[PDB]
C-alpha cells in the first residue's frame, strides 16, 4: 500500500528445481520459518524457504504496478482461488491450522504480494513487471501461429477454467474434427466442447495439441520430442482454446506458483497462532514467525499427520530441524539452566545448609512430581495437543522446554530467572479465620507502615499455620525456618523487593493482595533472588554477584554497586572477603598462578577477588560448595556450547557428548595441565593421594565456580569452550 513493505526471498523447491519470489508484507513478522508441503491436490511434495530482505519502499504507482502482476497470478491459479492472498488465507478451514482448536480472529490481516525473481540476489525491478504483464496481455491463441518450439512451453485454457497444461507437441495425426472414445461411446472433439463447455470451435480443422494437464504431471519429467514415456494421462485440445504463456511462465514458474496460496495460508496460520495463544504461553521474547514456531514446538507434542502438521505444510526450524526435535533439545537445555539457577539461588537462600541437603532441596523443586504440578497450574496441558500416538512423554518436560526456550530467546537467563521466580513460589501453593493482631499487621505491611514487631507476628503465624509458598513442602518448611534467622528490620526490604518483582512481571499491582500468604510469597521471591552469598562451614561468606558482570543490567531489581538496599548487602560481603588477610604462602601462590593460566580475557579489576575465590577452591574442606556450583554451571555451559555447535543433533547425541567431558578423570587431567604449583598444593593438602584421585576433578569444578563467581558468566563460559569443550568425544 505504502512504503511499508518488508521483503522476503521465497524459494519454492521441487524435484525439478527452485523457484524464487519476493514476498512483500505490510507487517513485521521477524524471520519466517520455512516449511515443506506434502504430495497432493494435483501438485507434488515441495519445500518453501524464507529469508529476510530489505525494507523496500513503494511509490503508489509502483504499488499499482504490483496489483497488475497479482491479478495475473490469481488468474493462472484458477476459479478455485479468490483474487486476494489475504482472502485466500482467511477462508482456510480450521483443520488446516497448527492449532485447529484455538482459532482466533486477529485484528489485522497481513497483506502480501509475490514477485518473480531470477536469483536470490537479483534486485527488485518494477519495470521488469510491465514487460512481463505486457507479454501476458499480448498472448496469442495457439491457433494464430513447429512442434519442437512449443515442447515444454506452458499454456492454459481460459474458456476452460483456465486449467493449465504443458505442450508436448502438435499431433497432426488428428485434428479437432477427429474422434476419441469412452466405454460405449465415441465422440468428436469439436462436438464435445460444444456439448459440455458449450463452446463452438471455429478452427475445428486445426491440428490438435498434445499436452499433459499440470495436475496429472505431478512431478513426472517431460520426454523428448515424443520418443512419450508415460502417456495415458496425455490429452488433446484445440489450438484455439490454448493461450500460450510467455517463456517466463515456464513450468518451474507456473507450478511453483501453485504453492503460494499455502505461503499466504502460512502467514495466516502464524498470525492466528500468535494472537490466540500468545498470552497463554510463557513469554520468550520472540515475536511474529519465531514466536509462532516456538509455540508450535512447545504445544505440538506430536508430529504432523502424513499430509502435514498444519494442512499439507510442516514448518521446520533453522537447519530444517523439526519442532519435535526442537522441543527435545530445548528441554535438555532447559533442564540444565533450570538446574544451575536452582543450585545457585538455593546456596544463597540457605547459606548454612549442607551440599547433601542442598541437593535434596534441588530435586525437591526440580523433581518431576513437582514440575508436573507447575505445568498443571500454568494451564498448559489443555493447550497441549497431540494424537496420543507419541511413550515416555511427560508434562514436566514442558517446563524444562519453556525454560530452555526463554534462555535461547531474546530475554535469556534474565527471562528464565523471572519465569522461575513466579512459578516456583506462589500463594497458590498453600491451602486455607485469623486473629486480629495478624489482620492489622497484614495491612500495615501492605503499606510499609509495618515494622519488625509486625513481620515476626506474620512469620510465626505463617510459621504455626504451615503456610507454604514453594511447589515443594520441605523447601517451604525450610524456607520459613530461614526467616526465623532473618532479623525483622531486614524483612521490609525483601518485601518491597518481592512486591517489586510481582509488579514488573504484570502479575500484581504496585501493592500486594493484602493476605498473609501473599505477604510471605513476596518475601520468598525477594529472598530467592536477593540473598548475597553462602558460608563454607568450619573463612567468610562468599558473595554471588556474577550477575552484575552481565552486559545488560536490570537495576529495577538487582540495582547497582554505585547504593540500593539489596545491592549494598552483596558488596558488603565482597569487600569483607577482600578485607580478609591473605595468608599468602603457596595456596596463594597456586591461586596466583591459576589466575594467569586461564587463556581467557576476564573483565578488568576482577583479579584480586578471583584469587581469593581460588585459595578457597584449593583449601580442602572449604571447596565443598564451590564444587557444587561448578558442577551445575559446567553442565549448563557445555549443553549450550554443544547446542550451538550441533544444531541438528538431538537429546541422546547431545547427552552422551557432554557427559563424556564431565567425568572426573576428564576434568581431573585438565586440573593437572596447570603449572605443577597447582598439582603440588593438592598433594600438599592431601597425604598419599593418587593421580586418579577425585579431588583432581573436583577442584577443577571448584575453580570453574571461582571464575563465574568473580569474573562473571561468559568469562567462565569461554573457560569451558576453551578447556573442556575440546574434550567432548564424538558419538561417531
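Numbering follows the first chain given and starts at 1.
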So residue 185 and residue 186 are neighbours in the shown sequence, but is anything from the deposited sequence left out between them? Give the count as none, 1 to 3, 4 to 9, or 10 or more. none
What number of residues from the deposited sequence go unmodelled in the gap from residue 390 to residue 391, classed as none, 1 to 3, 4 to 9, or 10 or more? 1 to 3
Please compare 437-445 with 508-516 and say which has the higher mean C-alpha temperature factor in the record. 437-445
With respect to the recorded C-alpha B factors, which stretch has the higher mean value, 527-535 or 117-125? 117-125
Max C-alpha B-factor within the set 36, 669, 55, 41 falls on 55
Peak C-alpha temperature factor (PDB record), options 255, 221, 650, 472: 221
B-factor third for the C-alpha atom of residue 144 within its chain: highest
In terms of its chain's C-alpha B-factors, the third that includes residue 678 is the highest
Split the chain's modelled residues into thirds by Cα B-factor; residue 455 lands in the highest
Modelled-residue ranking by C-alpha temperature factor, third containing residue 400: lowest
Based on the entry's values, in what third of the chain does the Cα temperature factor of residue 586 lie: lowest, middle or highest? highest
